[PDB]
């Protein structure tokens, strides 16, 4: 029984990931990682040898959705109540006067001391990148505190409201400026600014402002959310429709002297490394490379499709922008023959098997940019895009991904010539999610029966020592694992209650800083992502 499995999983989390450092007066906070064998909680090791237990609430927002979903479907209110208690404790103790929380890329809470920590010395700042926190829950706990966060988020990350210069970093303790009442002057594509308008951060701004509109009817918030979304659409290639990862370029204020020094103050990093051979269109925003294309055609897509639907008539532009970009990506970059995307520049330039001729931001000289497999996260965005626009081009990509992933043939069109593989070994939560989307739009039973198979596979192979892990050899389980989320989405569909589980937008959290190695030296730019990829007996590799 899949609901029984998720219930026991969340019970394990609330046992093994809980505050064990304050006696019989624990906080409601949770450790991000637990070794499921021993119950050892994942720790950050600071330069001077001090150990903190990593509690980063930005990295627990899938769990929060899982806890809410489990309460809804099972009728047991303890998981909802605990998630509310965690939210409340963060507004109570870990929200600064500006509204910002001690979470995100560079701040977390030590579960042992309950103090906010900052692992990155130079960057004691607020940062969210494809995080998509569960704002619906936060609003239900404390709407004023949530609203204060979202406004303080925009206040810190918009450097210049006139031109919408944005940054992935935001300073704590800033006073409130003109915010939504700021005057706007639309600038031409790729104007030069200090702030780097990466779409991973841009995603979080758009999403948060839209949720402030959703809950408080804040028209200022919706105006700016849509305006920011449009910033990423206006510089799209007029011929290809591809792009963009950012809508500004780094302002050059020093002349570069070394290729491997890729600080943004030397100017656009793609123009440095690609400009001599490719010309003016080699710009960061135009580099349709692996990772960037997930942020653009997965994370951004999932959020904007759901937002576009929510807004009814005024969401029609959003839906169009979103589906058009997915079409362009499928048209130019997708290789039907082997289920790959081509590394590309947004001008339509194919970069497949290109050898980098000098060092730079995108790799060392001699690095070869290769086609990369279209992952199951893309199956979701193409399945969802097709649901609103039944284009065979969108169906082609979904069909190609599924086939490559051991799922069989989903058909020539939904319900036509379907030969899915009911004996699949696929245990990918992303694939489960996308099959549930395919099922919802078409009501073709085979898609949901395939989703049931993936769920059983998840339970059989990824449910280990009461946790969910992508491999049986992994040292630590992540309490934010999406395996239980996909299992609950399936339960909700079968029970005819899809609204019992929050819509899945493929958000996730991360922590980054200096991490003290076992030889006493500092490993700069260490991510908790790297810690969750370690197997038993493996140590972090010098970077």
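Residue numbers count along the first chain shown, from 1.
*Asks:* As stated in the PDB record, which stretch has the larger average Cα B-factor, 321-329 or 125-133?
*Replies:* If you average the C-alpha B-factors of 321-329 and of 125-133, the larger mean comes out for 321-329.
*Asks:* Taking only the CA atoms, which stretch has the higher mean B-factor in the record, 260-268 or 209-217?
*Replies:* Comparing 260-268 with 209-217, the higher average CA B-factor belongs to 260-268.
*Asks:* At the C-alpha atoms, which of 228, 402, 100, 147 reaches the highest B-factor in this entry?
*Replies:* In the PDB entry, the greatest C-alpha B-factor among 228, 402, 100, 147 is found at 402.
*Asks:* Could you tell me which one of 293, 92, 337, 200 shows the highest CA temperature factor in the PDB record?
*Replies:* Result of the comparison over 293, 92, 337, 200: 337.
*Asks:* Is the Cα B-factor recorded for residue 496 in the lowest, middle or highest third of its chain?
*Replies:* Ranked within chain, residue 496 CA B lands in the highest tercile.
*Asks:* Taking the C-alpha B-factors as the PDB entry records them, is residue 234 in the lowest, middle or highest third of its chain?
*Replies:* Its C-alpha B-factor, which the entry lists for residue 234, ranks in the middle third among residues of this chain.
*Asks:* Thinking about Cα B factors across the chain, which third does residue 65 belong to?
*Replies:* Its C-alpha B-factor, which the entry lists for residue 65, ranks in the lowest third among residues of this chain.
*Asks:* Which third of the chain holds residue 156 when residues are ordered by C-alpha B factor: lowest, middle or highest?
*Replies:* It falls in the bottom third of the chain.
*Asks:* Among the modelled residues of this chain, does the Cα B factor of residue 222 put it in the lowest, middle or highest third?
*Replies:* For residue 222, the deposited C-alpha B-factor lands in the lowest third.
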